[PDB]
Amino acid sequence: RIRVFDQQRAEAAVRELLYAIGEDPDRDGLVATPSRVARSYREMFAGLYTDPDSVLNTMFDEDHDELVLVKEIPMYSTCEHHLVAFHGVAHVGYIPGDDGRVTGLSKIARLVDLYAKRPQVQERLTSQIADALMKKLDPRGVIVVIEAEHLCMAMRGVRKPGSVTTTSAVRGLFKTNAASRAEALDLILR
């Protein structure tokens, strides 16, 4: 469901937030901040305003049926519990189907970006990317791996800075075959 971004409502909330935390919204470093924060939230939650699935295009690979691997996909998301960024990379691997259906690398990157640009938990994000790729490409298998840094507890000096959370999702052939998942994972780690 496509949602509504209310610029003016967001800016008013941000200015109220500055008063609540004790800051002075009128000082020079914060005059434009309510506006800049609203703009950042529009981009930070862009996935709510465009359907992530619609970005993928249709193409066919007539030569090969081998694994298509996409690596080091930029991944910037926001914890839904604390509205704090967790950022890293995503790795998507799919085996084209009998029809040879494929899609552009830039299009897979945008799909990941739109699912990540929502109030998210990393496990939900990994599963959603894999499910959409299965739905749209009708591939034999899909694998998604996200390597991200969570900042919620590191900021509150509870966990070591730099810790990396890793999540994976497997569909189709990678789910049924243990050898296939193991080989795909090795390619991602190397």
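All residue numbers refer to positions in the sequence shown, first residue = 1.
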| item | value |
| --- | --- |
| Between the two ranges 94-102 and 79-87, the one averaging a larger CA B factor in the entry | 94-102 |
| Stretch with the higher entry mean CA B-factor, where the candidates are 157-165 and 60-68 | 60-68 |
| Third of the chain's Cα B-factor distribution that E147 belongs to, per the entry | lowest |
| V31 by Cα B-factor - lowest, middle or highest third of the modelled chain | highest |
| Third assignment of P139 from its chain's C-alpha B-factors | highest |
| Assigned third (lowest, middle, highest) for the C-alpha B factor of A179 | highest |
| Cα B factor band for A20 (lowest, middle or highest third within the chain) | middle |
